[PDB]
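Chemist: A structural model of the following input is requested.
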Amino acid sequence: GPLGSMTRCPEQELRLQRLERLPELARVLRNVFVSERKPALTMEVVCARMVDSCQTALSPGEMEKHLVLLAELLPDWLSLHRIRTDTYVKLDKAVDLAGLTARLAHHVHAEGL
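Modeler: Numbers count the residues shown, from 1 in each chain. Have a look at this structure:
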(Lines give C-alpha, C1' and ligand atoms only; values in the text may rest on other atoms or scores of the structure.)
Protein backbone atom coordinates (compact mmCIF):
# COMPACT_ATOMS: atom_id res chain seq x y z
CA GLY A 1 0.00 0.00 0.00
CA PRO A 2 0.90 3.76 -0.16
CA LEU A 3 2.45 5.94 2.59
CA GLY A 4 0.39 7.44 5.50
CA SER A 5 -1.83 10.57 4.93
CA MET A 6 -2.14 9.61 1.18
CA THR A 7 -2.31 12.61 -1.27
CA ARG A 8 -1.32 13.73 -4.87
CA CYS A 9 0.20 10.29 -5.75
CA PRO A 10 0.79 9.00 -9.39
CA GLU A 11 -0.72 5.56 -8.35
CA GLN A 12 -4.30 6.98 -8.14
CA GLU A 13 -4.33 6.73 -11.97
CA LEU A 14 -2.73 3.25 -12.20
CA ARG A 15 -5.81 1.83 -10.37
CA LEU A 16 -8.43 3.34 -12.78
CA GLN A 17 -6.25 2.95 -15.95
CA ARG A 18 -6.40 -0.86 -15.39
CA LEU A 19 -10.22 -0.53 -14.89
CA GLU A 20 -10.77 1.34 -18.27
CA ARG A 21 -8.16 -0.69 -20.20
CA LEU A 22 -9.55 -4.13 -19.14
CA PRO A 23 -13.08 -3.46 -20.73
CA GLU A 24 -11.73 -1.31 -23.66
CA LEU A 25 -9.06 -3.91 -24.59
CA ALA A 26 -11.79 -6.62 -24.41
CA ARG A 27 -13.63 -5.05 -27.45
CA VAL A 28 -10.44 -4.21 -29.46
CA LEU A 29 -8.95 -7.75 -28.89
CA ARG A 30 -11.81 -9.11 -31.10
CA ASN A 31 -10.82 -6.49 -33.74
CA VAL A 32 -7.03 -7.30 -33.40
CA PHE A 33 -7.73 -11.06 -34.02
CA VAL A 34 -9.81 -10.44 -37.21
CA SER A 35 -7.58 -7.55 -38.51
CA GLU A 36 -4.76 -10.17 -38.93
CA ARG A 37 -7.20 -13.00 -39.90
CA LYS A 38 -5.30 -15.66 -37.82
CA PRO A 39 -6.30 -18.19 -35.05
CA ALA A 40 -3.24 -17.19 -32.92
CA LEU A 41 -1.27 -13.87 -32.88
CA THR A 42 2.42 -13.41 -31.93
CA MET A 43 3.64 -10.66 -29.57
CA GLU A 44 4.97 -8.95 -32.81
CA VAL A 45 1.49 -8.70 -34.44
CA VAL A 46 -0.27 -7.82 -31.15
CA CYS A 47 2.28 -5.02 -30.38
CA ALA A 48 1.31 -3.38 -33.75
CA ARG A 49 -2.43 -4.21 -33.97
CA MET A 50 -3.41 -3.43 -30.33
CA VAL A 51 -2.02 0.12 -31.09
CA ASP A 52 -3.45 0.63 -34.65
CA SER A 53 -6.63 -1.56 -34.61
CA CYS A 54 -7.60 -0.06 -31.18
CA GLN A 55 -9.10 3.50 -31.39
CA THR A 56 -6.57 4.57 -28.65
CA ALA A 57 -2.82 3.90 -29.29
CA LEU A 58 -1.39 2.34 -26.02
CA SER A 59 2.35 2.33 -25.02
CA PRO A 60 4.32 -1.02 -25.36
CA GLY A 61 5.44 -0.93 -21.66
CA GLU A 62 1.83 -1.31 -20.31
CA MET A 63 0.70 -3.40 -23.34
CA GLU A 64 2.58 -6.58 -22.18
CA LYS A 65 1.21 -6.26 -18.60
CA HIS A 66 -2.44 -5.91 -19.87
CA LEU A 67 -2.26 -8.80 -22.43
CA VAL A 68 -0.99 -11.16 -19.66
CA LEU A 69 -3.44 -9.76 -17.03
CA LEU A 70 -6.49 -10.93 -19.12
CA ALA A 71 -5.27 -14.60 -18.92
CA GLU A 72 -4.45 -14.02 -15.16
CA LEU A 73 -8.15 -13.05 -14.53
CA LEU A 74 -9.57 -15.84 -16.78
CA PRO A 75 -7.38 -18.47 -18.63
CA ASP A 76 -10.72 -19.54 -20.28
CA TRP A 77 -11.41 -16.66 -22.75
CA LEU A 78 -7.74 -15.62 -23.28
CA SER A 79 -4.65 -17.89 -23.13
CA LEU A 80 -0.94 -16.93 -23.45
CA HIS A 81 0.79 -19.80 -25.37
CA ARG A 82 4.60 -19.95 -25.64
CA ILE A 83 5.97 -21.50 -28.89
CA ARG A 84 9.64 -22.71 -29.46
CA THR A 85 11.03 -19.14 -28.80
CA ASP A 86 8.14 -16.65 -29.50
CA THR A 87 4.84 -16.12 -27.59
CA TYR A 88 1.39 -16.34 -29.26
CA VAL A 89 -2.03 -15.42 -27.72
CA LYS A 90 -5.46 -17.01 -28.39
CA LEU A 91 -8.89 -15.37 -27.72
CA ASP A 92 -12.52 -16.14 -28.80
CA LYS A 93 -13.75 -13.39 -31.20
CA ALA A 94 -17.20 -15.12 -31.12
CA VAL A 95 -17.85 -14.42 -27.37
CA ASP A 96 -20.61 -12.04 -26.13
CA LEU A 97 -18.58 -8.90 -25.14
CA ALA A 98 -21.08 -7.94 -22.39
CA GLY A 99 -20.30 -11.32 -20.69
CA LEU A 100 -16.50 -10.63 -20.31
CA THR A 101 -16.78 -7.06 -18.92
CA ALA A 102 -19.47 -8.49 -16.51
CA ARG A 103 -17.45 -11.54 -15.19
CA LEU A 104 -14.02 -9.74 -15.25
CA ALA A 105 -15.68 -6.82 -13.25
CA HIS A 106 -14.15 -8.31 -10.02
CA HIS A 107 -10.98 -6.26 -10.94
CA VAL A 108 -13.03 -3.13 -12.02
CA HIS A 109 -14.29 -3.28 -8.38
CA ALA A 110 -10.81 -1.84 -7.40
CA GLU A 111 -12.36 1.65 -8.18
CA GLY A 112 -16.02 0.40 -8.21
CA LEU A 113 -17.38 0.74 -11.84
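
Chemist: Quick check: phi and psi at residue 49.
Modeler: Residue 49 adopts backbone torsions of phi -70, psi -40, taken as degrees, to the nearest 10.

Chemist: Would you confirm that residue 46 contacts residue 33?
Modeler: No - Residue 46 lies out of contact with residue 33 (Cβ atoms under 8 Å); the separation is 9.6 Å. For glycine as for every other residue, the C-beta is placed from the backbone atoms N, C-alpha and C.

Chemist: chain center to the helix or strand residue 26 falls within, what's the gap?
Modeler: For residue 26, the host element (DSSP states H and E) is helix 11-36. Centroid separation for helix 11-36 versus its chain: 5 Å, with Cα atoms, centre = their mean, to the nearest Å.

Chemist: Pull up the pairing partners for the helix or strand following it, direction included.
Modeler: For helix 11-36, the succeeding helix or strand toward the C-terminus, using DSSP H and E, is strand 41-42. Using DSSP bridges, strand 41-42 pairs in its sheet with strand 87-91 (antiparallel).

Chemist: what comes up buried for the helix or strand just after the strand it pairs with?
Modeler: With elements assigned by DSSP H and E, the helix or strand that comes after strand 87-91 is helix 97-103. The neighbour-count check on helix 97-103 (16 or more other Cβ atoms under 10 Å) flags residue 100 as buried.

Chemist: Same check on stretch 52-70?
Modeler: Neighbour counts over stretch 52-70 (16+ other Cβ under 10 Å) mark 53-54, 58, 63, 66-67, 69-70 as buried.

Chemist: Equivalent analysis for stretch 34-53, please.
Modeler: 35, 41, 45-46, 49-51, 53.

Chemist: Having no further points to raise, I will conclude here.
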